[PDB]
Amino acid sequence: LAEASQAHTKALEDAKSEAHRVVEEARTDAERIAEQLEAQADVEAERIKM
Amino acid sequence: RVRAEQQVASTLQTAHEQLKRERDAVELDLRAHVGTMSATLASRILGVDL
């Protein structure tokens with residue numbers, strides 16, 4: 001019982017940390033996509049200008 | 001896209017009108033040479049200076 005009680009919170013904090021890591025990677029490639037998309041926006045704008 | 005649209009549409013309208021003003025105001029000044037070019041065409045078609 002003692003070892004299961006400690007392993008519960010161990011797995012809990014491990015999941016917390018790894019999930020924070022994954023959502024951080026998501027919030028990274030999110031702004032990556034935002035960059036790419038605004039770039040495409042301005043190139044389409046200049047295309048229509050020409 | 002719409003920004004690149006409204007701007008090009010407005011400048012297109014204003015350039016069309018400006019080119020219309022160019023056209024009507026330069027239409028008749030070149031007719032100073034239509035007479036002499038008709039004359040040289042007649043000279044070519046006859047084979048004489050007349």
# chains A, B, ... in the order shown; residues from 1 in each chain; ligands from 1

$ closest_atom_pairs --of "chain A" --to "chain B" --cutoff "12 Å" --atoms "only C-alpha atoms" --output "Markdown table"
| residue | atom | partner | partner_atom | distance |
| --- | --- | --- | --- | --- |
| A:38 | CA | B:1 | CA | 11.3 |
| A:40 | CA | B:1 | CA | 10.7 |
| A:41 | CA | B:1 | CA | 7.3 |
| A:42 | CA | B:1 | CA | 8.4 |
| A:43 | CA | B:1 | CA | 10.0 |
| A:44 | CA | B:1 | CA | 7.2 |
| A:45 | CA | B:4 | CA | 5.3 |
| A:46 | CA | B:4 | CA | 7.5 |
| A:47 | CA | B:4 | CA | 9.0 |
| A:48 | CA | B:4 | CA | 6.5 |
| A:49 | CA | B:8 | CA | 6.3 |
| A:50 | CA | B:8 | CA | 9.2 |

$ select_by_dssp --residues "chain B" --states "alpha helix (DSSP H)" --output "PyMOL selection string"
chain B and resi 2-26+34-46

$ atom_distance --atom1 "atom CA of residue 7 of chain A" --atom2 "atom CA of residue 24 of chain A"
25.5 Å

$ atom_distance --atom1 "atom CA of residue 37 of chain A" --atom2 "atom CA of residue 6 of chain B"
21.2 Å

$ decode --residues "segment 1-20 of chain B" --atoms "N, CA and C atoms" --output "mmCIF file, in the first residue's frame"
data_model
loop_
_atom_site.group_PDB
_atom_site.id
_atom_site.type_symbol
_atom_site.label_atom_id
_atom_site.label_comp_id
_atom_site.auth_asym_id
_atom_site.auth_seq_id
_atom_site.Cartn_x
_atom_site.Cartn_y
_atom_site.Cartn_z
ATOM 1 N N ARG B 1 -6.340 39.797 -48.205
ATOM 2 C CA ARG B 1 -6.800 39.685 -49.583
ATOM 3 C C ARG B 1 -7.707 40.850 -49.951
ATOM 4 N N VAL B 2 -8.724 41.097 -49.119
ATOM 5 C CA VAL B 2 -9.700 42.190 -49.415
ATOM 6 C C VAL B 2 -8.976 43.542 -49.396
ATOM 7 N N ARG B 3 -8.008 43.714 -48.492
ATOM 8 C CA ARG B 3 -7.215 44.971 -48.468
ATOM 9 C C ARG B 3 -6.493 45.107 -49.810
ATOM 10 N N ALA B 4 -5.813 44.042 -50.243
ATOM 11 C CA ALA B 4 -5.086 44.072 -51.535
ATOM 12 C C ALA B 4 -6.094 44.218 -52.677
ATOM 13 N N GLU B 5 -7.382 44.015 -52.391
ATOM 14 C CA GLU B 5 -8.428 44.140 -53.398
ATOM 15 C C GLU B 5 -8.945 45.569 -53.498
ATOM 16 N N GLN B 6 -9.361 46.146 -52.369
ATOM 17 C CA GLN B 6 -9.932 47.488 -52.402
ATOM 18 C C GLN B 6 -8.921 48.500 -52.927
ATOM 19 N N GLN B 7 -7.663 48.368 -52.510
ATOM 20 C CA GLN B 7 -6.620 49.288 -52.947
ATOM 21 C C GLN B 7 -6.409 49.205 -54.456
ATOM 22 N N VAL B 8 -6.244 47.987 -54.981
ATOM 23 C CA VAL B 8 -6.008 47.853 -56.415
ATOM 24 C C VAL B 8 -7.235 48.278 -57.211
ATOM 25 N N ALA B 9 -8.442 48.051 -56.686
ATOM 26 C CA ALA B 9 -9.642 48.470 -57.403
ATOM 27 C C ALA B 9 -9.731 49.988 -57.474
ATOM 28 N N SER B 10 -9.471 50.660 -56.350
ATOM 29 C CA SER B 10 -9.522 52.117 -56.331
ATOM 30 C C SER B 10 -8.467 52.723 -57.247
ATOM 31 N N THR B 11 -7.223 52.238 -57.159
ATOM 32 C CA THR B 11 -6.181 52.791 -58.016
ATOM 33 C C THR B 11 -6.440 52.451 -59.478
ATOM 34 N N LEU B 12 -7.092 51.317 -59.745
ATOM 35 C CA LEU B 12 -7.472 50.985 -61.110
ATOM 36 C C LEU B 12 -8.485 51.982 -61.646
ATOM 37 N N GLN B 13 -9.492 52.314 -60.838
ATOM 38 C CA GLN B 13 -10.491 53.289 -61.262
ATOM 39 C C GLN B 13 -9.849 54.644 -61.538
ATOM 40 N N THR B 14 -9.022 55.112 -60.601
ATOM 41 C CA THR B 14 -8.392 56.418 -60.748
ATOM 42 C C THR B 14 -7.378 56.453 -61.881
ATOM 43 N N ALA B 15 -6.753 55.319 -62.206
ATOM 44 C CA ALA B 15 -5.821 55.290 -63.326
ATOM 45 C C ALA B 15 -6.562 55.184 -64.649
ATOM 46 N N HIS B 16 -7.691 54.473 -64.667
ATOM 47 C CA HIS B 16 -8.523 54.435 -65.863
ATOM 48 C C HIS B 16 -9.010 55.829 -66.222
ATOM 49 N N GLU B 17 -9.489 56.579 -65.228
ATOM 50 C CA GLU B 17 -9.940 57.936 -65.519
ATOM 51 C C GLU B 17 -8.790 58.828 -65.972
ATOM 52 N N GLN B 18 -7.621 58.697 -65.344
ATOM 53 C CA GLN B 18 -6.477 59.508 -65.747
ATOM 54 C C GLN B 18 -6.026 59.174 -67.163
ATOM 55 N N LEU B 19 -6.068 57.896 -67.541
ATOM 56 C CA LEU B 19 -5.706 57.520 -68.901
ATOM 57 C C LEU B 19 -6.769 57.965 -69.895
ATOM 58 N N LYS B 20 -8.034 58.020 -69.472
ATOM 59 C CA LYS B 20 -9.069 58.610 -70.317
ATOM 60 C C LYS B 20 -8.783 60.083 -70.579
#
